[PDB]
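**Student:** experimental structure and sequence below.
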Amino acid sequence: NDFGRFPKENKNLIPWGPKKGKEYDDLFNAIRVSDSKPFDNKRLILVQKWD
RNA sequence: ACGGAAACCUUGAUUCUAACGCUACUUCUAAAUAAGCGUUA
């Protein structure tokens, strides 16, 4: 989206939301990702950032 | 020492019976708690 002070993403490129008088066209409402069953704290470590 | 005197337009009566402010309607739609590590030493 170049119509602005600095560029940003075009959120309307993949259509989402309801439209007035138009058929519902949300693709990523059809993809529904559930979360995980909780795992244990025995699987956790204390890593550090290296660049 | 009057066409005059005496005489309640009065008694008893429920503006009452029956009737759902009800029927239908997702607070809904997309969205990684994530990005940047320069320069000096």
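**Tutor:** Looks like it came in fine. Numbers count the residues shown, from 1 in each chain, chains lettered A, B, ... in the order given.
**Student:** give the contact list for residue A:10.
**Tutor:** residue A:1 (C-beta atoms under 8 Å, 6 or more residues apart in numbering). All C-beta spots, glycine's among them, are computed from the backbone N, C-alpha and C.
**Student:** how far away is it from residue A:34?
**Tutor:** Distance of residue A:10 to residue A:34, computed by C-beta to C-beta, to the nearest Å: 28 Å.
**Student:** what's the answer for residue A:11, then?
**Tutor:** Where residue A:34 is concerned, residue A:11 sits at a distance of 24 Å (C-beta to C-beta).
**Student:** so for those two, which sits in the more crowded spot?
**Tutor:** A direct count of neighbours by other C-beta atoms under 10 Å for residue A:11 and residue A:34 places residue A:11 higher, at 10 against 5.
**Student:** burial count for residue A:16?
**Tutor:** Residue A:16: 14 surrounding residues under other C-beta under 10 Å.
**Student:** that one and residue A:36: what is the separation?
**Tutor:** Separation of residue A:16 from residue A:36 (C-beta to C-beta) stands at 25 Å.
**Student:** I'd assumed residue A:30 was in contact with residue A:16.
**Tutor:** No. Under the criterion of C-beta atoms under 8 Å, residue A:16 is not in contact with residue A:30, lying 11.1 Å apart.
**Student:** how close does residue A:19 sit to residue A:12?
**Tutor:** Distance of residue A:19 to residue A:12, computed by C-beta to C-beta: 11 Å.
**Student:** cool, and residue A:5?
**Tutor:** Separation of residue A:5 from residue A:12 (C-beta to C-beta) stands at 19 Å.
**Student:** and those two? which has more neighbours close in?
**Tutor:** residue A:12 (9 against 5).
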